[PDB]
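K.L.:
mmCIF, C-alpha atoms, file entry_18.cif:
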```cif
data_work
#
loop_
_atom_site.label_atom_id
_atom_site.label_comp_id
_atom_site.auth_asym_id
_atom_site.auth_seq_id
_atom_site.Cartn_x
_atom_site.Cartn_y
_atom_site.Cartn_z
CA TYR L 7 -18.56 -3.79 -1.71
CA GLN L 8 -17.03 -0.62 -0.33
CA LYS L 9 -15.51 -1.77 2.96
CA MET L 10 -12.29 -3.25 1.64
CA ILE L 11 -8.54 -3.12 1.04
CA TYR L 12 -6.80 0.27 1.39
CA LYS L 13 -3.17 -0.82 1.33
CA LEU L 14 -1.27 -2.25 -1.61
CA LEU L 15 2.06 -4.02 -1.53
CA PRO L 16 4.01 -5.05 -4.54
CA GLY L 17 3.30 -8.63 -5.51
CA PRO L 18 6.22 -11.02 -5.08
CA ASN L 19 8.27 -11.96 -8.11
CA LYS L 20 7.93 -15.44 -9.60
CA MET L 21 11.67 -15.92 -9.86
CA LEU L 22 14.39 -16.25 -7.36
CA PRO L 23 17.30 -13.91 -7.38
CA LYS L 24 20.47 -14.99 -9.12
CA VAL L 25 21.96 -17.72 -7.00
CA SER S 1 -13.54 -25.69 10.09
CA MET S 2 -10.31 -26.72 8.53
CA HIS S 3 -8.01 -23.86 7.69
CA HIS S 4 -7.33 -23.02 4.11
CA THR S 5 -3.56 -23.33 4.43
CA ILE S 6 -3.89 -26.89 5.70
CA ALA S 7 -6.39 -27.69 2.96
CA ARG S 8 -4.05 -26.40 0.27
CA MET S 9 -1.06 -28.17 1.74
CA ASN S 10 -3.02 -31.34 1.92
CA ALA S 11 -3.95 -30.88 -1.64
CA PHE S 12 -0.45 -30.33 -2.73
CA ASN S 13 0.83 -33.37 -0.95
CA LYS S 14 -1.83 -35.42 -2.76
CA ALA S 15 -1.16 -34.01 -6.23
CA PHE S 16 2.65 -34.25 -5.98
CA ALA S 17 2.72 -37.82 -4.65
CA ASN S 18 6.48 -37.61 -3.96
CA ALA S 19 5.88 -34.99 -1.26
CA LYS S 20 6.11 -37.25 1.80
CA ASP S 21 9.28 -38.82 0.38
CA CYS S 22 10.83 -35.38 -0.07
CA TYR S 23 9.99 -34.42 3.50
CA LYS S 24 11.71 -37.50 4.82
CA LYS S 25 14.82 -36.67 2.89
CA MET S 26 14.70 -33.17 4.25
CA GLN S 27 14.36 -34.64 7.70
CA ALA S 28 17.37 -36.78 7.08
CA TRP S 29 19.40 -33.84 5.90
CA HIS S 30 18.28 -31.90 8.95
CA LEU S 31 19.28 -34.48 11.44
CA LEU S 32 22.70 -34.88 9.86
CA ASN S 33 23.62 -31.28 9.07
CA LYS S 34 21.99 -29.81 12.21
CA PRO S 35 21.35 -26.27 10.91
CA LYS S 36 21.19 -23.61 13.56
CA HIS S 37 18.38 -21.41 12.23
CA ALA S 38 16.93 -23.02 9.14
CA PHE S 39 15.51 -26.51 8.80
CA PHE S 40 16.45 -27.27 5.18
CA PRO S 41 17.94 -24.84 2.64
CA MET S 42 16.03 -23.84 -0.42
CA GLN S 43 19.06 -24.39 -2.53
CA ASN S 44 19.06 -28.10 -1.89
CA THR S 45 15.47 -28.60 -3.15
CA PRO S 46 16.48 -30.08 -6.56
CA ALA S 47 18.10 -32.95 -4.63
CA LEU S 48 14.76 -34.05 -3.19
CA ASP S 49 13.24 -35.30 -6.46
CA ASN S 50 15.17 -36.54 -9.48
CA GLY S 51 12.47 -35.78 -12.05
CA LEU S 52 12.35 -32.21 -10.77
CA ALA S 53 16.10 -31.83 -11.25
CA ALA S 54 15.82 -33.42 -14.71
CA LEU S 55 13.14 -30.91 -15.72
CA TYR S 56 14.84 -28.01 -13.88
CA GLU S 57 18.22 -28.46 -15.61
CA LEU S 58 16.77 -28.30 -19.10
CA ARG S 59 16.92 -24.83 -20.55
CA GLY S 60 13.57 -23.87 -19.09
CA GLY S 61 14.16 -24.84 -15.49
CA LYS S 62 14.57 -21.36 -14.13
CA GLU S 63 12.08 -20.37 -16.82
CA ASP S 64 9.36 -22.82 -15.69
CA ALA S 65 7.68 -21.30 -12.63
CA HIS S 66 5.67 -24.48 -11.97
CA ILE S 67 8.85 -26.35 -11.00
CA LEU S 68 9.83 -23.42 -8.79
CA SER S 69 6.33 -23.60 -7.31
CA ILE S 70 6.89 -27.27 -6.43
CA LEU S 71 10.33 -26.61 -4.95
CA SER S 72 9.16 -23.60 -2.95
CA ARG S 73 6.28 -25.52 -1.45
CA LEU S 74 8.48 -28.52 -0.65
CA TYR S 75 10.92 -26.19 1.12
CA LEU S 76 8.08 -24.42 2.96
CA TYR S 77 5.81 -27.33 3.88
CA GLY S 78 8.74 -29.53 4.94
CA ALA S 79 9.73 -27.01 7.59
CA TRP S 80 6.22 -25.93 8.48
CA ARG S 81 4.50 -29.30 8.94
CA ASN S 82 6.69 -30.07 11.97
CA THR S 83 5.04 -27.28 13.99
CA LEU S 84 1.97 -25.99 12.09
CA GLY S 85 1.88 -22.65 13.91
CA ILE S 86 -0.83 -20.18 12.88
CA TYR S 87 -0.69 -16.79 14.62
CA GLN S 88 -3.83 -14.68 14.17
CA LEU S 89 -3.22 -11.04 14.96
CA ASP S 90 -5.99 -9.02 16.61
CA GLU S 91 -7.90 -6.30 14.82
CA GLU S 92 -6.95 -3.49 17.22
CA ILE S 93 -3.51 -4.39 16.89
CA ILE S 94 -3.21 -4.86 13.17
CA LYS S 95 -4.45 -1.30 12.64
CA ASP S 96 -1.74 0.24 14.81
CA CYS S 97 0.88 -1.66 12.99
CA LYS S 98 2.81 0.53 10.70
CA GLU S 99 6.30 0.30 9.40
CA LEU S 100 8.98 -0.22 11.87
CA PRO S 101 11.64 2.22 12.74
CA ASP S 102 14.24 2.16 10.08
CA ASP S 103 17.29 1.34 12.24
CA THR S 104 15.89 -1.86 13.81
CA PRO S 105 18.59 -4.53 13.77
CA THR S 106 17.88 -7.41 11.46
CA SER S 107 19.20 -9.66 14.24
CA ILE S 108 15.96 -9.42 16.22
CA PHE S 109 14.15 -11.32 13.43
CA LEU S 110 16.31 -14.32 14.35
CA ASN S 111 13.97 -14.92 17.31
CA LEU S 112 11.12 -16.82 15.78
CA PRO S 113 9.82 -19.70 17.87
CA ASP S 114 9.82 -22.17 15.09
CA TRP S 115 11.58 -22.79 11.81
CA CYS S 116 8.50 -21.46 10.01
CA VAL S 117 5.45 -19.53 11.23
CA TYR S 118 2.24 -18.57 9.45
CA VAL S 119 0.96 -15.11 10.38
CA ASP S 120 -2.72 -14.33 9.79
CA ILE S 121 -3.29 -10.64 8.97
CA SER S 122 -6.42 -10.80 6.82
CA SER S 123 -8.00 -8.20 9.14
CA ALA S 124 -5.35 -5.78 7.81
CA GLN S 125 -7.11 -5.63 4.45
CA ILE S 126 -3.72 -5.44 2.82
CA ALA S 127 -3.61 -6.55 -0.79
CA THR S 128 -0.84 -7.58 -3.11
CA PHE S 129 -0.56 -6.18 -6.60
CA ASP S 130 0.71 -7.88 -9.69
CA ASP S 131 0.16 -6.61 -13.17
CA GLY S 132 -3.36 -5.60 -12.94
CA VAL S 133 -4.26 -8.54 -10.68
CA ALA S 134 -5.01 -7.52 -7.09
CA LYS S 135 -5.27 -10.18 -4.40
CA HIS S 136 -6.19 -9.93 -0.73
CA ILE S 137 -3.36 -11.11 1.53
CA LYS S 138 -4.78 -13.73 3.88
CA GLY S 139 -1.40 -14.19 5.50
CA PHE S 140 2.26 -14.98 5.12
CA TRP S 141 4.83 -17.58 6.15
CA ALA S 142 8.15 -16.50 7.64
CA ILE S 143 10.63 -19.34 7.24
CA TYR S 144 14.37 -19.49 7.72
CA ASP S 145 16.97 -20.29 5.12
CA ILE S 146 20.71 -20.70 4.75
CA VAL S 147 21.97 -19.43 1.43
CA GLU S 148 25.23 -19.62 -0.42
CA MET S 149 26.34 -16.46 -2.17
CA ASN S 150 29.47 -18.07 -3.20
CA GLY S 151 31.88 -18.97 -0.63
CA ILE S 152 29.68 -17.65 2.10
CA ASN S 153 26.71 -18.95 3.93
CA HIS S 154 24.20 -16.44 5.21
CA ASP S 155 21.16 -16.49 7.45
CA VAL S 156 18.16 -15.48 5.34
CA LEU S 157 14.53 -15.07 6.29
CA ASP S 158 12.07 -15.98 3.53
CA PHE S 159 8.52 -14.71 3.21
CA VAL S 160 5.78 -16.58 1.35
CA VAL S 161 2.56 -14.71 0.62
CA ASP S 162 -0.75 -16.56 1.07
CA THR S 163 -3.62 -15.18 -0.88
CA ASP S 164 -5.64 -18.35 -0.75
CA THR S 165 -5.80 -18.83 -4.47
CA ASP S 166 -5.00 -21.72 -6.75
CA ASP S 167 -2.45 -19.68 -8.55
CA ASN S 168 -0.79 -18.42 -5.40
CA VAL S 169 2.79 -17.45 -5.93
CA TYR S 170 4.68 -19.34 -3.21
CA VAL S 171 8.16 -18.34 -4.45
CA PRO S 172 9.98 -17.24 -1.27
CA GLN S 173 11.24 -13.68 -0.84
CA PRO S 174 14.62 -13.44 0.93
CA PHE S 175 15.68 -11.03 3.56
CA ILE S 176 19.22 -11.41 4.78
CA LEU S 177 19.84 -11.19 8.47
CA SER S 178 23.38 -12.43 8.79
CA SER S 179 24.61 -8.87 8.28
CA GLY S 180 24.90 -6.41 11.13
CA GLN S 181 22.78 -3.99 9.12
CA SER S 182 19.39 -2.65 10.18
CA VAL S 183 16.10 -3.13 8.31
CA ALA S 184 16.54 0.24 6.58
CA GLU S 185 19.96 -0.59 5.34
CA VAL S 186 19.07 -3.83 3.74
CA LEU S 187 15.59 -3.21 2.55
CA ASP S 188 15.70 0.47 1.78
CA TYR S 189 19.08 1.45 0.42
CA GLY S 190 19.78 -1.77 -1.54
CA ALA S 191 22.75 -3.13 0.51
CA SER S 192 21.47 -6.71 0.35
CA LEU S 193 22.70 -9.26 -2.11
CA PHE S 194 19.02 -9.46 -3.09
CA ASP S 195 18.11 -6.29 -4.76
CA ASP S 196 14.87 -6.98 -6.38
CA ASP S 197 13.22 -3.96 -4.58
CA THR S 198 9.63 -4.91 -5.29
CA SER S 199 10.25 -7.93 -3.09
CA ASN S 200 12.14 -5.77 -0.60
CA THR S 201 9.25 -3.30 -0.25
CA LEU S 202 6.84 -6.17 0.09
CA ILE S 203 8.98 -7.57 2.92
CA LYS S 204 9.20 -4.26 4.75
CA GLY S 205 5.42 -4.15 4.69
CA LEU S 206 5.21 -7.62 6.21
CA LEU S 207 7.76 -6.87 8.96
CA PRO S 208 5.49 -5.04 11.48
CA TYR S 209 3.19 -8.04 11.87
CA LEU S 210 6.06 -10.54 12.12
CA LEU S 211 7.70 -8.57 14.94
CA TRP S 212 5.26 -9.90 17.55
CA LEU S 213 6.86 -13.35 17.42
CA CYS S 214 10.36 -11.92 18.03
CA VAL S 215 9.55 -9.83 21.13
CA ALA S 216 10.79 -11.02 24.55
CA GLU S 217 7.32 -10.49 26.12
CA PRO S 218 4.66 -11.54 23.57
CA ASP S 219 0.90 -11.25 23.92
CA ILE S 220 0.44 -14.86 22.67
CA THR S 221 -2.59 -16.80 23.87
CA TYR S 222 -3.38 -20.43 23.02
CA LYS S 223 -7.09 -21.08 23.39
CA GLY S 224 -7.50 -18.06 25.65
CA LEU S 225 -4.66 -18.68 28.06
CA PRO S 226 -1.27 -16.94 28.16
CA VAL S 227 1.77 -18.48 26.51
CA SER S 228 5.17 -17.55 27.85
CA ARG S 229 7.91 -17.23 25.25
CA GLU S 230 9.60 -19.99 27.27
CA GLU S 231 6.60 -22.27 26.52
CA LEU S 232 6.36 -21.03 22.92
CA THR S 233 9.86 -22.19 21.90
CA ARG S 234 9.23 -25.65 23.40
CA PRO S 235 9.56 -28.36 20.73
CA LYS S 236 6.40 -29.67 19.06
CA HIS S 237 7.60 -32.30 16.60
CA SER S 238 8.70 -35.60 18.13
CA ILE S 239 11.64 -37.60 16.76
CA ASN S 240 11.74 -41.37 16.98
CA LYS S 241 14.85 -42.59 18.73
CA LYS S 242 15.12 -45.87 16.87
CA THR S 243 13.82 -45.09 13.46
CA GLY S 244 14.73 -41.44 13.18
CA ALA S 245 11.35 -40.55 11.81
CA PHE S 246 9.50 -37.39 12.66
CA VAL S 247 6.19 -37.29 14.47
CA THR S 248 4.27 -34.22 13.33
CA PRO S 249 1.09 -32.42 14.40
CA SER S 250 -2.15 -33.58 12.82
CA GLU S 251 -3.77 -30.20 13.36
CA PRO S 252 -2.35 -26.68 13.46
CA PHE S 253 -1.79 -24.76 16.69
CA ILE S 254 -3.80 -21.57 16.18
CA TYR S 255 -2.59 -18.82 18.51
CA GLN S 256 -3.90 -15.28 19.04
CA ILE S 257 -1.64 -12.26 19.41
CA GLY S 258 -2.55 -9.01 21.15
CA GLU S 259 -5.91 -10.25 22.35
CA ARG S 260 -5.70 -8.79 25.85
CA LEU S 261 -4.80 -5.50 24.16
CA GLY S 262 -7.55 -5.92 21.70
CA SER S 263 -10.10 -6.53 24.35
CA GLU S 264 -8.92 -3.58 26.28
CA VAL S 265 -9.32 -1.41 23.24
CA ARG S 266 -12.74 -2.86 22.56
CA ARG S 267 -13.76 -1.97 26.10
CA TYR S 268 -12.43 1.62 25.74
CA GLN S 269 -14.50 2.05 22.59
CA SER S 270 -17.44 0.61 24.54
CA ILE S 271 -17.14 3.39 27.14
CA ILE S 272 -16.99 5.96 24.33
CA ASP S 273 -20.11 4.56 22.79
CA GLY S 274 -21.90 4.48 26.14
CA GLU S 275 -21.09 8.12 26.67
CA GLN S 276 -22.47 8.89 23.27
CA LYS S 277 -25.62 6.93 24.02
CA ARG S 278 -26.41 9.02 27.06
CA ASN S 279 -25.55 12.31 25.56
CA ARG S 280 -24.43 14.27 28.60
CA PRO S 281 -22.80 17.73 28.32
CA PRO S 286 -13.06 10.65 25.71
CA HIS S 287 -10.78 9.21 23.10
CA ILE S 288 -8.33 6.36 22.46
CA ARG S 289 -4.72 7.11 21.79
CA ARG S 290 -3.67 4.30 19.41
CA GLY S 291 -0.81 1.94 20.17
CA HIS S 292 2.28 1.70 18.00
CA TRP S 293 5.54 -0.10 17.67
CA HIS S 294 8.11 1.88 19.44
CA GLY S 295 11.86 1.71 18.82
CA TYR S 296 14.67 3.08 20.97
CA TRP S 297 18.29 2.32 22.03
CA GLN S 298 19.55 1.68 25.50
CA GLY S 299 23.08 1.97 24.08
CA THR S 300 24.66 0.87 27.35
CA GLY S 301 27.52 -1.53 28.02
CA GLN S 302 29.33 -0.03 24.95
CA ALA S 303 27.47 -2.44 22.77
CA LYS S 304 24.98 -0.61 20.59
CA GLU S 305 21.50 -2.05 20.57
CA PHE S 306 18.20 -0.78 19.21
CA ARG S 307 15.16 -1.77 21.22
CA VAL S 308 11.58 -1.92 19.91
CA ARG S 309 8.50 -2.58 22.01
CA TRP S 310 4.75 -2.15 21.82
CA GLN S 311 3.44 1.05 23.25
CA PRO S 312 -0.22 0.22 23.96
CA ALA S 313 -3.47 2.07 23.36
CA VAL S 314 -4.41 4.46 26.15
CA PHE S 315 -7.85 5.55 27.21
CA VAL S 316 -7.78 9.27 27.43
CA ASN S 317 -10.63 10.61 29.46
#
```
With the file now loaded, output its structure as structure tokens.
P.N.:
Amino acid sequence: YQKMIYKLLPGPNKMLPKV
Amino acid sequence: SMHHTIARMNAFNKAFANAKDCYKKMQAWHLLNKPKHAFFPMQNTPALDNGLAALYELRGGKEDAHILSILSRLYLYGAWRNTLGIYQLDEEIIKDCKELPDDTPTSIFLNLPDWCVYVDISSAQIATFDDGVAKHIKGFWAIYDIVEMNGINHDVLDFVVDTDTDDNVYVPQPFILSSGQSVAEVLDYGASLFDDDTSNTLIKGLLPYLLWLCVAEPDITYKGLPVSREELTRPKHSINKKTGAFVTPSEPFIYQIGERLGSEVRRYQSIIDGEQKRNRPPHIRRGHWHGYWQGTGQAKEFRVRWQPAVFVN
């Protein structure tokens, strides 16, 4: 399947920032 | 025929039987504390269920991501089920969306219609990458929050990525607005109290699609007919005057954004194709988000608007 995603974003972290 | 977000929310509510209870509590907190931008802070989510606090205050509470999953989805669904807004962006608009100008004020992202919106950008073919695992982004929720970085309460905008998978990571990603700083300042140069960076670049990427809901003059259509921003901010949820209970939508309100523009672009391409089908001895200049500053009245303001696609013949 060649018609697809061309942009990548960093996956969200599975933690919340301190606070 | 039933959207995946609704299906997964309905699933969650079933599997975590205390969900409806928690939403009622959130509703109660809302009505009493009357938050200006948020509906219910993420911080307060341990209060909603006692077993969750009991298992979250063992060593292994901030270590267990399943509890944080539960809390994140309580926080998100509780705000979102009151309005159930799904905003599908048009093809010929998603493509022209690139990163916004770096000095846009954060303040303009305080203009969402609802406490929480779901934006559908699956036609962007943007994916999310985590440790070798690549997932197509169906959409994302933008939801408000009020956070306490000790002693101070700030206006934060959270983003929740929807990849339509059972192991979706619903943990919100914060983006502080309360500051006078622009997008670049916060996201780019690490001035935020949230410095995770991966999350910050992910948010920046999301921003260009979310801007449509914060513009004074939106191309929103509901079922093919124009929606004025006046009509968009109208309340949806109904509150009972005697009981205090909330009346929520049974089905989501699926909007379309930039569909006039999309149709216009489709028609331009149609003329191009027609010319090429008749071969006689003609291009589209793409739209883009445009930012500028009127800088009048001594008060400095940065204005961003959509510069549309133009048939050049």
K.L.:
Select, as a list in words, those residues of chain S with any atom no more than 8 Å from chain L (distances computed using all atoms listed in the file).
P.N.:
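Every residue of chain S that passes the 8 Å test is in residues 62, 65, 68, 124, 125, 126, 127, 128, 129, 130, 136, 148, 149, 161, 169, 171, 172, 173, 194, 196, 198, 199, 201, 202 and 205 of chain S.
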K.L.:
The PyMOL selection byres ((chain S and resi 44) around 10) - which residues does that actually catch in the file I just gave you? List them as JSON, numbers by chain.
P.N.:
{"S": [26, 29, 40, 41, 42, 43, 45, 46, 47, 48, 71, 75, 147]}
K.L.:
How many Å lie between atom CA of residue 177 of chain S and atom CA of residue 156 of chain S, rounded to one decimal?
P.N.:
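Result for atom CA of residue 177 of chain S versus atom CA of residue 156 of chain S: 5.6 Å, one decimal.
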K.L.:
As an exercise, work out the distance from atom CA of residue 297 of chain S to atom CA of residue 105 of chain S in Å and give it to one decimal place.
P.N.:
10.7 Å
K.L.:
Between atom CA of residue 268 of chain S and atom CA of residue 312 of chain S, what is the distance in Å, rounded to a tenth?
P.N.:
12.4 Å
K.L.:
Kindly complete segment 171-192 of chain S to N, CA and C atoms; the output should be written as a PDB file, keeping the file's coordinate frame.
P.N.:
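Okay, this is what ended up in result.pdb:
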```pdb
ATOM      1  N   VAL S 171       6.725 -18.570  -4.319  1.00  0.00           N
ATOM      2  CA  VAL S 171       8.160 -18.340  -4.450  1.00  0.00           C
ATOM      3  C   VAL S 171       8.644 -17.491  -3.276  1.00  0.00           C
ATOM      4  N   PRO S 172       9.566 -17.990  -2.458  1.00  0.00           N
ATOM      5  CA  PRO S 172       9.980 -17.240  -1.270  1.00  0.00           C
ATOM      6  C   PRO S 172      10.683 -15.936  -1.621  1.00  0.00           C
ATOM      7  N   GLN S 173      10.579 -14.975  -0.705  1.00  0.00           N
ATOM      8  CA  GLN S 173      11.240 -13.680  -0.840  1.00  0.00           C
ATOM      9  C   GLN S 173      12.276 -13.545   0.264  1.00  0.00           C
ATOM     10  N   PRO S 174      13.554 -13.417  -0.077  1.00  0.00           N
ATOM     11  CA  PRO S 174      14.620 -13.440   0.930  1.00  0.00           C
ATOM     12  C   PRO S 174      14.905 -12.089   1.572  1.00  0.00           C
ATOM     13  N   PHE S 175      15.372 -12.173   2.785  1.00  0.00           N
ATOM     14  CA  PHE S 175      15.680 -11.030   3.560  1.00  0.00           C
ATOM     15  C   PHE S 175      16.815 -11.382   4.462  1.00  0.00           C
ATOM     16  N   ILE S 176      18.018 -11.071   4.060  1.00  0.00           N
ATOM     17  CA  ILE S 176      19.220 -11.410   4.780  1.00  0.00           C
ATOM     18  C   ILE S 176      19.438 -10.778   6.125  1.00  0.00           C
ATOM     19  N   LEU S 177      19.670 -11.613   7.121  1.00  0.00           N
ATOM     20  CA  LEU S 177      19.840 -11.190   8.470  1.00  0.00           C
ATOM     21  C   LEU S 177      21.242 -11.222   8.951  1.00  0.00           C
ATOM     22  N   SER S 178      22.005 -12.146   8.407  1.00  0.00           N
ATOM     23  CA  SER S 178      23.380 -12.430   8.790  1.00  0.00           C
ATOM     24  C   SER S 178      24.237 -11.178   8.897  1.00  0.00           C
ATOM     25  N   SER S 179      23.871 -10.111   8.196  1.00  0.00           N
ATOM     26  CA  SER S 179      24.610  -8.870   8.280  1.00  0.00           C
ATOM     27  C   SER S 179      24.286  -8.147   9.589  1.00  0.00           C
ATOM     28  N   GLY S 180      25.184  -7.254   9.989  1.00  0.00           N
ATOM     29  CA  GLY S 180      24.900  -6.410  11.130  1.00  0.00           C
ATOM     30  C   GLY S 180      23.960  -5.265  10.829  1.00  0.00           C
ATOM     31  N   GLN S 181      23.526  -5.149   9.577  1.00  0.00           N
ATOM     32  CA  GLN S 181      22.780  -3.990   9.120  1.00  0.00           C
ATOM     33  C   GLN S 181      21.353  -3.995   9.660  1.00  0.00           C
ATOM     34  N   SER S 182      20.772  -2.800   9.767  1.00  0.00           N
ATOM     35  CA  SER S 182      19.390  -2.650  10.180  1.00  0.00           C
ATOM     36  C   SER S 182      18.440  -2.953   9.020  1.00  0.00           C
ATOM     37  N   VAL S 183      17.139  -3.004   9.339  1.00  0.00           N
ATOM     38  CA  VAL S 183      16.100  -3.130   8.310  1.00  0.00           C
ATOM     39  C   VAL S 183      16.282  -2.085   7.211  1.00  0.00           C
ATOM     40  N   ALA S 184      16.423  -0.812   7.590  1.00  0.00           N
ATOM     41  CA  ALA S 184      16.540   0.240   6.580  1.00  0.00           C
ATOM     42  C   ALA S 184      17.688  -0.027   5.629  1.00  0.00           C
ATOM     43  N   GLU S 185      18.818  -0.374   6.164  1.00  0.00           N
ATOM     44  CA  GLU S 185      19.960  -0.590   5.340  1.00  0.00           C
ATOM     45  C   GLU S 185      19.749  -1.604   4.261  1.00  0.00           C
ATOM     46  N   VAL S 186      19.268  -2.736   4.675  1.00  0.00           N
ATOM     47  CA  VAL S 186      19.070  -3.830   3.740  1.00  0.00           C
ATOM     48  C   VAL S 186      17.914  -3.503   2.798  1.00  0.00           C
ATOM     49  N   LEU S 187      16.736  -3.439   3.352  1.00  0.00           N
ATOM     50  CA  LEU S 187      15.590  -3.210   2.550  1.00  0.00           C
ATOM     51  C   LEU S 187      15.623  -1.942   1.757  1.00  0.00           C
ATOM     52  N   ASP S 188      15.791  -0.821   2.427  1.00  0.00           N
ATOM     53  CA  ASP S 188      15.700   0.470   1.780  1.00  0.00           C
ATOM     54  C   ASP S 188      16.743   0.892   0.778  1.00  0.00           C
ATOM     55  N   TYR S 189      17.979   0.989   1.239  1.00  0.00           N
ATOM     56  CA  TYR S 189      19.080   1.450   0.420  1.00  0.00           C
ATOM     57  C   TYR S 189      19.821   0.471  -0.457  1.00  0.00           C
ATOM     58  N   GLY S 190      19.247  -0.703  -0.683  1.00  0.00           N
ATOM     59  CA  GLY S 190      19.780  -1.770  -1.540  1.00  0.00           C
ATOM     60  C   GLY S 190      21.129  -2.483  -1.184  1.00  0.00           C
ATOM     61  N   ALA S 191      21.504  -2.504   0.085  1.00  0.00           N
ATOM     62  CA  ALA S 191      22.750  -3.130   0.510  1.00  0.00           C
ATOM     63  C   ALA S 191      22.768  -4.673   0.497  1.00  0.00           C
ATOM     64  N   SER S 192      21.610  -5.279   0.370  1.00  0.00           N
ATOM     65  CA  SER S 192      21.470  -6.710   0.350  1.00  0.00           C
ATOM     66  C   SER S 192      22.006  -7.335  -0.927  1.00  0.00           C
TER      67      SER S 192
END
```
